[PDB]
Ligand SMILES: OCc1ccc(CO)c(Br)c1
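Quick setup: one chain, the form solved without the ligand, written in structure tokens, and binding and motion questions come after.
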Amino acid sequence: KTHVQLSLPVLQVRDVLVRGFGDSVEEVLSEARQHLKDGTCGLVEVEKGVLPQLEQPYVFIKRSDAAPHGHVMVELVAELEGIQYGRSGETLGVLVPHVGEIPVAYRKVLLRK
């Protein structure tokens, strides 16, 4: 399927134990996609002071359309030193590995895979 229904655990930035996916734009996108498939991917909602507490490169989920069955359609955009790889709509948050942190909520998304 080109799209997959996922419920992403929303993590508080200060709870996150693994603060990025890797060391290159291509690796963080690869690792993000693998974790999304394996259900080991969390979401941190971007506010003032969040991003400087996470490791670059960043992987964002961005709204790709205006929401089947409650699931917002999203795609992945990476960012390194202020340059983004991909072009999409509004940021829903920054993806991180999930390694057992307790979530505050769940964000239903339809991921373009």
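A residue's number is simply how far along the shown sequence it sits, counting from 1.
Residue 66 to residue 67: deposited residues without atomic coordinates
Count of unmodelled residues in between: 1 to 3.
Which wins on mean Cα temperature factor, 49 to 57 or 67 to 75?
Between 67 to 75 and 49 to 57, it is 67 to 75 that shows the higher mean C-alpha B-factor.
Just say lowest, middle or highest third for the CA B-factor of residue 23 relative to the other modelled residues in its chain.
According to the entry, residue 23 has a C-alpha B-factor in the chain's middle third.
Within this chain, which third does the Cα B-factor at residue 39 fall in: lowest, middle or highest?
Residue 39: CA B-factor falls in the middle third of its chain.
One more form of this protein should be noted, the form solved in complex with the ligand, which is absent from this view; the next part is about it.
Please tell me whether any heavy atom belonging to residue 62 falls inside 4.5 Å of a heavy atom of the ligand, as the geometry stands in the deposited bound form.
No, no contact at 4.5 Å.
Just checking whether residue 36 would be counted as a contact of the ligand in the deposited bound form - the rule being heavy atoms within 4.5 angstroms.
Output for residue 36 is yes: heavy atoms within 4.5 Å of the ligand.
Would you please decide whether residue 108 lies within 4.5 angstroms of the ligand in the deposited bound form, comparing each non-hydrogen atom pair?
No.
For the heavy atom contacts within 4.5 Å of the ligand in the deposited bound form, list the residues of 1 to 26 involved, in sequence order.
Stretch hits, in order: 4, 6.
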